[PDB]
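Right, one structure below, let's go through it.
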Amino acid sequence: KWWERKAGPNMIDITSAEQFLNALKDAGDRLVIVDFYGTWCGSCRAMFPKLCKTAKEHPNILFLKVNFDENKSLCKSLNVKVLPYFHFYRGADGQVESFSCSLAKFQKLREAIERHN
Numbered sequence: 019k020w021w022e023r024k025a026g027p028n029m030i031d032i033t034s035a036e037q038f039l040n041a042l043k044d045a046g047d048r049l050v051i052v053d054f055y056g057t058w059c060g061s062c063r064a065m066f067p068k069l070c071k072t073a074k075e076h077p078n079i080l081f082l083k084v085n086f087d088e089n090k091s092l093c094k095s096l097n098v099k100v101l102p103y104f105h106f107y108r109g110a111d112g113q114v115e116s117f118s119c120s121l122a123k124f125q126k127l128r129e130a131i132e133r134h135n
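Under this note's numbering, the first residue of the sequence shown carries the number 19, and numbering increases by one thereafter.
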C-alpha cells in the first residue's frame, strides 16, 4: 500500500480507538502529528513522500497515520470532515493544531511544526 512505502519508524498506522489513545498517552511531551488520509485520496498519496521526508528529518516527532476509510467512526468523532487533514497534539496542552493543506502548500505543515518544534 502506498502509505507503507518508505515510512520511517516514527510513522505508525492507527487501526483502533484504544491504540490511538495509547499512542497519544505514551508520547509524553513529544509533538504528535496525526495524519488523517484516505486510501483513494490523490492529494494524500501525492504528499506522502514529503511527509516521509519530514518524519525522517524529525525522528523525535511521532507521526500517527489514520486511514479515514478504515477508521470512519474514529475520524467522524474527531470532527475530521476532509482529507488530507492534520491534528497536532503535545502533552498537557492536548490539541495544538488542526488544519488541512495542499500538496503545493506543504510549507504550512512545516510552519506548524516550527510553532511547536
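For each residue, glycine too, the CB sits at the ideal point set by N, CA and C.
Three or more beta-carbon pairs separated by less than 8 Å link the stretch 115 to 133 to the stretch 91 to 106, which places the two stretches in contact. Rounded to whole angstroms, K74 and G26 show a C-alpha spacing of 6 Å. Note on geometry: alpha-carbon atoms of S95 and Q113 lie some 14 Å from one another. For the pair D31 and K83, the CB atoms are nearer than the 7 Å cut-off. For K99, no beta strand (DSSP E) segment is defined, and its DSSP state is neither H nor E.
Distance from the Cα of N85 is smallest, within the candidate group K68, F54, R128 and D44, for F54.
A straight-line Cα-Cα distance of about 8 Å links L42 and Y107.
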